[PDB]
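Atom set for the values below is all heavy atoms of this structure, side chains included, hydrogens, waters and symmetry mates excluded. Every chain is numbered from 1, with letters handed out A, B, ... down the list of sequences. Both counts, for ligands and for their atoms, begin at 1 and track the order of listing.
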Amino acid sequence: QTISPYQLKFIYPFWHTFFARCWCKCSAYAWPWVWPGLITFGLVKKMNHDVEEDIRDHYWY
Amino acid sequence: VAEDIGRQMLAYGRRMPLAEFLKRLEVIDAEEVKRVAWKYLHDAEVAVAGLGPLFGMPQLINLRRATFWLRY
Ligand SMILES: CCCCCCCCCCCCCCCCCC(=O)OC[C@H](COP(=O)([O-])OCC(O)COP(=O)([O-])OC[C@@H](COC(=O)CCCCCCCCCCCCCCCCC)OC(=O)CCCCCCCCCCCCCCCCC)OC(=O)CCCCCCCCCCCCCCCCC
């Protein structure tokens, strides 16, 4: 069964089901995308540390 | 004849004689048909029912957008 789109609400059904959809999507992506992201961000910060220490060791008296 | 009498009696409150039907039918021309259709059938809603090997079947939206032509 289908109803003609001229006889349906079409922006209320999207917001009515927003929280469920958003919970599902965000739950699905946490471990696979964010945790490696956090680790990579960590690595960048530690690299910056190493460089800012090098630049003084090598060239400051 | 009896069926026609009763049917018209219920539908109209009277029976319409043959001459009246013919006289009202005579004066309809093409522009009149092309007016009434434009009044009720152009760009309207449609309802659909079907049974059987309906893999071919068109979409509802196809049948509904069919009711107008983009030519003209
Ligand atoms: C870089 C270059 C890129 C170029 C890209 C060009 C893309 C254009 C695509 C053309 C449209 C699709 C055609 C498919 C038709 C299929 C065959 C068919 O059975 O159609 C029946 C259908 C007739 O309907 P029907 O059979 O009565 O029943 C319809 C159904 O009931 C109900 O209908 P339906 O539900 O079955 O859907 C039918 C649907 C079928 O389509 C589909 O189902 C798929 C969707 C179609 C494709 C949509 C994407 C196209 C993007 C459009 C924008 C392109 C801009 C490009 C500009 C380049 C810039 C660098 O057709 C449409 O509705 C198409 C409407 C759009 C076409 C009309 C555009 C012309 C406007 C001109 C204005 C004046 C401008 C002058 C200034 C110069 C501008 C350059 O035919 C059409 O109406 C189709 C269009 C016919 C063409 C008309 C004349 C075009 C010439 C325009 C002027 C040229 C200007 C150049 C001068 C330059 C001056 C410097």
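With sequence neighbours excluded, the residues satisfying salt bridge (charged side-chain N to carboxylate O under 4.0 Å, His left out) with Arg35(B) are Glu32(B). Partners of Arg65(B) by side chain to side chain donor-acceptor pair (under 3.5 Å), not counting sequence neighbours: none found.
Protein heavy atoms are absent from the 4.0 Å sphere centred on atom 9 (C) of ligand 1. Within the 4.0 angstrom cut-off, atom 41 (O) of ligand 1 has no protein heavy-atom neighbours. For atom 81 (O) of ligand 1, the nearest protein heavy atom is 4.0 Å or more away. Distance check for atom 36 (O) of ligand 1: every protein heavy atom is found at 4.0 Å or beyond. Distance screen at 4.0 Å: atom 19 (O) of ligand 1 has no protein heavy-atom neighbour inside the cut-off. Within the 4.0 Å cut-off (strictly below), a protein heavy atom is located near atom 29 (C) of ligand 1.
When the options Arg64(B), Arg65(B), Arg71(B) are ranked by their closest heavy atom to atom 26 (O) of ligand 1, first place goes to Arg71(B). Among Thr67(B), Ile61(B), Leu70(B), the residue whose heavy atom lies closest to atom 62 (C) of ligand 1 is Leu70(B).
Residue, atom and distance of the protein heavy atom nearest to atom 31 (O) of ligand 1 are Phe68(B) O, 2.5 Å.
Cluster annotation: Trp31(A) is connected to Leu38(A) through the hydrophobic network of ILVMFWY side chains, with a link wherever side-chain heavy atoms come within less than 4.5 Å.
Side chain of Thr17(A) to backbone of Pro13(A): a donor-acceptor contact under 3.5 angstrom is found. Here the side chain of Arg64(B) pairs no donor or acceptor atom with the backbone of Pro5(A) at under 3.5 angstrom. With hydrogens and angles disregarded, no donor-acceptor distance shorter than 3.5 Å links the side chain of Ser27(A) to the backbone of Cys24(A).
Between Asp4(B) and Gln8(B), the side chains place a donor N or O and an acceptor N or O closer than 3.5 Å (distance only, hydrogens not considered).
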